[PDB]
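> Fold the following and give me the result.
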Amino acid sequence: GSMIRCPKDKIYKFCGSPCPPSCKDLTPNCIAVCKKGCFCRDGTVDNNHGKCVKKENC
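Numbering: from 1, shown residues only. Pasting the structure now:
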């Protein structure tokens, strides 16, 4: 506890897109705002299960 550390399969960002590429929407339109936290790696798509897989795997 105390220290926030997400799964090693993901990375941490201070400014990231609130709308990452996904199987639901490959390119969602939203205002560019810097949100901090843990995000998926570049080249992966977020699926409706709550995990990110490779773009060509979806």
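> My guess is residue 46 contacts residue 22. True?
Yes: in this structure, residue 46 is within contact of residue 22 by C-beta atoms under 8 Å, at 3.9 Å. In this view, the C-beta of every residue, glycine as well, is placed from N, C-alpha and C.
> mind checking the SS state of the nearest residue to residue 29 once chain neighbours are set aside?
What sits nearest to residue 29 in space, not counting adjacent residues and going by C-beta to C-beta, 6 or more residues apart in numbering, is residue 19, at 7.3 Å. Under DSSP: H, G, I helix; E, B strand; the rest coil, the three-state class of residue 19 is coil.
> For residue 19, grab the count of nearby residues.
15 (other C-beta atoms under 10 Å).
> again with residue 28
When neighbours are counted by other C-beta under 10 Å, residue 28 registers 13.
> Hmm, residue 19 and it touching each other?
Yes: Residue 28 lies in contact with residue 19 (C-beta under 8 Å); the separation is 3.8 Å.
> quick one, what contacts residue 21?
27, 44-46, 55 (C-beta atoms under 8 Å, 6 or more residues apart in numbering).
> out of the residues you listed, which are buried?
44-46 (16 or more other C-beta atoms under 10 Å).
> Hmm, residue 32 and the residue nearest to residue 29 touching each other?
No: using C-beta under 8 Å as the test, residue 19 is too far from residue 32 to be in contact (9.4 Å).
> Flag every buried residue along stretch 47-56.
Quick answer for stretch 47-56 (16+ other C-beta under 10 Å): residue 52.
> Straight-line length of that stretch, end to end?
Start-to-end span of stretch 47-56 (C-alpha to C-alpha, to the nearest Å) is 12 Å.
> mind listing what residue 2 touches?
Residue 2 sits next to no residue when contact means C-beta under 8 Å, 6+ apart.
> Can you classify it by secondary structure?
Classification of residue 2 using three-state DSSP returns coil.
> and the one helix or strand residue 45 maps to, what does it pack onto?
Assigned by DSSP states H and E, residue 45 belongs to strand 44-46. When contacts are defined as 3 or more C-beta pairs under 8 Å, 6 or more residues apart in numbering; DSSP states H and E, strand 44-46 sits against strand 52-54.
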